[PDB]
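Peer 1: Here the protein sequences line up with chains A and B, keeping their order.
In terms of the authors' numbering, the first sequence is residues 205 to 263, 275 to 476.
In terms of the authors' numbering, the second sequence is residues 207 to 240, 244 to 266, 275 to 474.
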Amino acid sequence: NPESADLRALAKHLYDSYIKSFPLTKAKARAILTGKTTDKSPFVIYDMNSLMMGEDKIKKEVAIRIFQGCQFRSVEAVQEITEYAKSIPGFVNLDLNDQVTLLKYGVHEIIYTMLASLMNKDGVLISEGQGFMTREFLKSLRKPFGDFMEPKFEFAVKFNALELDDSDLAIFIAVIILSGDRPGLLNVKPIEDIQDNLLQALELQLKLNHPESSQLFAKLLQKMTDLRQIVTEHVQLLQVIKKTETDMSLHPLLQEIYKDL
Amino acid sequence: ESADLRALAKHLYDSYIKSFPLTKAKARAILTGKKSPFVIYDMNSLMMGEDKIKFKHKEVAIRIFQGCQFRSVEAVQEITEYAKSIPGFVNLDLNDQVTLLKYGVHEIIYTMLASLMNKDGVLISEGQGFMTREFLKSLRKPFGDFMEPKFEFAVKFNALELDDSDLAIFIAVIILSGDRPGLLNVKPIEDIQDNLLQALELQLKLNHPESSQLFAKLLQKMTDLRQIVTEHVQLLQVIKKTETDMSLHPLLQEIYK
Ligand SMILES: CCCOc1ccc(C(=O)NS(=O)(=O)Cc2ccccc2)cc1CNC(=O)c1ccc(-c2ncccn2)cc1
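#1: So which residues of chain A does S429 (chain B) contact, with C-beta pairs closer than 8 Å?
#2: Residues of chain B with a CB under 7 Å from the CB of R443 (chain A): which are they?
#3: For the stretch 303-323 of chain A and the stretch 337-348 of chain A, state whether three or more C-beta atom pairs, one from each stretch, are separated by less than 8 Å.
#4: Can you find a heavy atom of ligand 1 that lies under 7 Å from the Cβ of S382 (chain A)?
#5: Is the stretch 309-326 of chain A touching the stretch 389-405 of chain A, taking contact as three or more C-beta pairs under 8 Å?
#6: Closest by CA to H266 (chain B), which one among B:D462, B:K474, B:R288 and B:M256?
#7: Is the beta carbon of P366 (chain B) within less than 7 Å of some heavy atom of ligand 1?
#8: With C-beta atoms as the reference, is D383 (chain B) less than 8 Å away from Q430 (chain B)?
#9: Listing by chain order, which chain A residues have their CB less than 9 Å from the CB of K404 (chain B)?
#10: Any beta-carbon of chain B closer than 8 Å to the one on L218 (chain A)?
#11: Under 8 Å Cβ to Cβ from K232 (chain B), same chain only, skipping five residues before and after it: list those, please.
#12: Counting only Cβ pairs nearer than 7 Å, list the residues of chain A close to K373 (chain B).
#13: Could you tell me the boundaries of the beta strand (DSSP E) in which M364 (chain B) lies?
#14: Measure the alpha-carbon distance for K216 (chain B) versus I223 (chain B) and round it to whole angstroms.
#15: Rounded to the nearest angstrom, what separates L379 (chain B) and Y250 (chain B) at their Cα positions?
#16: For the stretch 278-297 of chain A, which residues have a beta carbon sitting closer than 7 Å to at least one beta carbon of chain B?
#17: Counting Cβ pairs, one atom from each stretch, are 3 or more of them under 8 Å apart for the stretch 358-372 of chain B and the stretch 323-335 of chain B?
#18: With 16 as the cutoff for other CB atoms within 10 Å, does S464 (chain B) come out buried or exposed?
#19: I'd like to check one pair, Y327 (chain B) with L237 (chain B): are the Cβ atoms closer than 8 Å?
#20: Can you list the residues of chain A that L384 (chain B) reaches, using a CB-CB cut of under 9 Å?
#21: Can you list, in chain order, the residues of its chain with a C-beta nearer than 7 Å to that of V322 (chain B)? Leave out the 5 residues immediately preceding and following it.
#22: Ligand 1 and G284 (chain B): does the residue's C-beta get closer than 7 Å to at least one heavy atom of that ligand?
#23: Give the range of the alpha helix (DSSP H) segment to which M463 (chain A) is assigned.
#24: Here's a check: name, in chain order, each residue in its chain whose Cβ is nearer than 7 Å to the Cβ of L413 (chain A), leaving out the five neighbours to either side.
#25: Thinking C-alpha only, which one of B:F347, B:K434 and B:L435 is nearest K244 (chain B)?
#26: From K358 (chain A) to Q415 (chain B), what does the alpha carbon distance come to, in whole angstroms?
#27: Might you give, ordered along the chain, the residues of its own chain that have their beta carbon closer than 6 Å to the beta carbon of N375 (chain A), omitting 5 neighbours on each side?
#28: Pull up the CB-CB distance for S225 (chain A) and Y320 (chain A), whole angstroms please, since I reckon it's below 8 Å.
#29: How about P227 (chain B): is its Cβ closer than 7 Å to a heavy atom in ligand 1?
#30: Under 7 Å from any heavy atom of ligand 1, does the C-beta of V339 (chain B) make it?
#31: Tell me whether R350 (chain B), by its Cβ, gets closer than 7 Å to a heavy atom of ligand 1.
#32: According to the neighbour-count rule (16 or more other Cβ atoms, all chains shown, within 10 Å of its Cβ), is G284 (chain A) buried or exposed?
#33: With distances taken between CB atoms, is the gap from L377 (chain A) to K422 (chain A) smaller than 8 Å?
#34: Below 8 Å CB to CB, which residues in the same chain sit around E276 (chain B) once its five sequence neighbours on both sides are set aside?
#35: Please state the DSSP three-state secondary structure of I409 (chain B).
#36: What is the DSSP secondary structure of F347 (chain B), counted as helix, strand or coil?
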């Protein structure tokens, strides 16, 4: 029980850092998506003309502008994830090269994890929740942009079925970052010791927060397999773009992450 | 309620031993040294090997690859038999049983292959031989990196230091995956896996009380498994796209496709 007390304190710490690092929480996202309120209602984009009026309501080629907007949020997300990673007990103490490595392979798995919070079966929240882009509008985009988002939705609806809240995700995200199996890690053992502590925290957290959810801990860990696959599909799709879209500029920070990924 | 979980563990272990000849315990005793097997380290040792190994498994790199296919198909039947011993599996829809096996055998083959591997090589021909890791890397493209990704996984997987009692339940968990494409009734599959996951968790806590979060660390390996599988499929295509000297007997390729 004194051991469990330390785990709860770790859970509270991570959740607190989670709230402070990420602007759009899942709680706020679900409040917008369910449309229960009258002040948090998003403008919905489902075709070209709806997108046009969206430019005035929400603060080159259509498919390109959508992609460049996603690159912006992605880079901004890397900053937020990085800020959160620093708050993880023992992360900044690790070898400097391993810190870069853990973030390199970790950011996208987390991005797609938190992207699911902004997603349902019909679409995804955009621009801090001000807008809502339908799943069909994205799927109808010009090739190969019309299938860049579909694999994310498929994972989202299955991941959201686990019904995790932000207190759960906070620890799960930390578990992803501190992976000892990341390629190029100099000192793996100190990373595994931290993840071991994070896994204990996540286990107790899910058991207390979801007592009637049998093997939720196991089910959650298995979802990390789905994350890797989506990240893998994403990189391959990007290599197709850079050859067909030679005039489209990719962000240097992202390219450094994609480099030998 | 833990009486049922221990009963499941013992049941799966017994079927595991029966369905699979060369266990990890046997493979470990062979590798370490504790009746030594023939060692294949280069081209000449390979020739003398097949002259004395007596294998049912023209070019050297191709004959090795085809040899692996023969053993894989043998393993598929051993896995299939074991899968039918898992409580509730045979009661599932027949189409789902086929689906679970079709997408599950590859993950299981590479899981149990780690039991036959160390950092230096891999046991072949049910423990009769031993092909070094370096000789496998020396094979010309693209065969030179068809076994190497499996070694890298085996090193990380064997570090968990699981035994046959652990693996028996773990294999069952892999088979009962509810996310296999084309499944018609996912509920009873995930219900069985849920029970298997509980059995595995209790098994690892009792057999390895000093290994903290071993259960979680094992589930994370599922990621590496599927990575290897998809990577293996992509390599298979390269073999099919190029390579003329892969064409076997018309009736032979049917058996091992
Ligand atoms: C892609 C995977 C590689 O192939 C394999 C597939 C399954 C297994 C395996 O052991 N799976 S298993 O799950 O442990 C079940 C089993 C155990 C023992 C015998 C048969 C089945 C091992 C290998 C390992 N390779 C061999 O055993 C092997 C390799 C080369 C030759 C060979 N033969 C003649 C000439 C050259 N090479 C023969 C066997």
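Heads up, the beta-carbon is just placed ideally off N, CA and C, and yes, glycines get one too.
Peer 2: Reading it off the structure:
#1: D411 and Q415
#2: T440 and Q444
#3: No: fewer than three Cβ pairs fall under 8 Å.
#4: No, since every heavy atom of ligand 1 falls outside the 7 Å radius drawn around the Cβ of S382 (chain A).
#5: yes
#6: B:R288
#7: no
#8: In this structure, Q430 (chain B) does not lie closer than 8 Å to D383 (chain B) by Cβ.
#9: What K404 (chain B) touches in chain A: nothing, since even the nearest Cβ is about 13 Å away.
#10: Closer than 8 Å: no.
#11: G344
#12: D396
#13: That residue, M364 (chain B), is in no beta strand (DSSP E); it is neither H nor E in DSSP.
#14: One alpha carbon belongs to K216 (chain B), the other to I223 (chain B), and they sit about 11 Å apart.
#15: 28 Å
#16: none
#17: Yes, the stretch 358-372 of chain B is in contact with the stretch 323-335 of chain B.
#18: exposed
#19: No; because the gap between Cβ atoms is not below 8 Å, this pair is not in contact.
#20: Correct list: empty, because the minimum Cβ distance to chain A is about 17 Å.
#21: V293 and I296
#22: yes
#23: Counting along the chain, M463 (chain A) falls outside any alpha helix (DSSP H), and DSSP gives it neither H nor E.
#24: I386, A389, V390 and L393
#25: B:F347
#26: Distance between the alpha carbons of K358 (chain A) and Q415 (chain B): 45 Å.
#27: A331, listed in sequence order.
#28: Between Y320 (chain A) and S225 (chain A) the Cβ distance is about 19 Å, and since that is not below 8 Å, they are no contact.
#29: yes
#30: yes
#31: Taking 7 Å as the cut-off, the C-beta of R350 (chain B) does not count as close to any heavy atom of ligand 1.
#32: Classification of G284 (chain A): exposed, given that the 10 Å Cβ count is below 16.
#33: no
#34: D462
#35: helix
#36: strand
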